[PDB]
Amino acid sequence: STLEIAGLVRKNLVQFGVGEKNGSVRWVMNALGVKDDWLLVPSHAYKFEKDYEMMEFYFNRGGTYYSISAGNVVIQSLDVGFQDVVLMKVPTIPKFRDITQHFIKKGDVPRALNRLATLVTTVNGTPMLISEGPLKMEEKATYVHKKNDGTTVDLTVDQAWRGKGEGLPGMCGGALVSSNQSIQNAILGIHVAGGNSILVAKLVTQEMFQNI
């Protein structure tokens, strides 16, 4: 069911924060553990601020904190070109339950279209289920990212789900879950943007985990 997939997502969601060495932590969004020490996380969380690799990355797992130099995480793209969401290996994180088999297969994408879905996410660790209207797939989606200084940049990815719904800051990194029980309520991808009552999630397929 949607609710049981949601529980599996919920257990693998951690809070992702960034800070300077010896500095305060800025808690930014969610990251989703997928298997072993690998997580999915929107790279817009860190990649557009100055000297990211000298920052410390922080992972909050139910009030137990793990930190690591940004230079010591291994970042792996999901596909060719910019897709925002990346895979990130964090050697210091406890092993996650493998949920990769709960992600949609590329060939089953048509089965999630025109049906409801649920965004399973948090705002700074408080779990929320957000209803999304019948899904569409945008071959190219564009959204505006506001950096820490206040200035904004425009970002564009391949293959993003679009659904009617109400999002809040900090919900990025949560998982979109199909209402379609005939594909076992597959995880469709990762929430990256919201606004004007529309929610956008990058498609993440099972096949993408073949990139380790």
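For every residue, the number given is its place in the sequence shown, counted from 1.
Q: Going by the average Cα B-factor in the PDB entry, point out whether 72-80 or 86-94 comes out higher.
A: According to the entry, 72-80 carries the higher average C-alpha B-factor.
Q: Hey, which bit's got the bigger mean C-alpha B factor in the entry, 13-21 or 186-194?
A: The recorded data point to 13-21.
Q: According to the Cα B-factor stored in this entry, which of the following is highest: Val34, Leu176, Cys172, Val144?
A: So the option with the highest C-alpha B-factor is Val144.
Q: Looking at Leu40, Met29, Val153, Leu168, which has the highest CA B-factor as recorded?
A: Among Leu40, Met29, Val153, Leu168, the PDB entry lists the largest C-alpha B-factor for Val153.
Q: Could you tell me which third, lowest, middle or highest, the C-alpha B-factor of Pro127 occupies within its chain?
A: Lowest third of the chain for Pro127's C-alpha B-factor.
Q: By the record's CA B-factor, is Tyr52 among the lowest, middle or highest third of residues in the chain?
A: Highest third - that is where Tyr52 ends up once the chain's C-alpha B-factors are sorted.
Q: Determine, from the deposited record, the chain-internal third of the Cα B-factor for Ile5: lowest, middle or highest.
A: Answer is lowest: the recorded C-alpha B-factor places it there.
Q: When the modelled residues of the chain are sorted by Cα temperature factor, does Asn148 land in the lowest, middle or highest third?
A: Ranked within chain, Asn148 CA B lands in the highest tercile.
Q: Report the third (lowest, middle or highest) to which the CA temperature factor of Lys106 belongs, ranking only the modelled residues of the same chain.
A: CA B-factor rank for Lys106: highest third.
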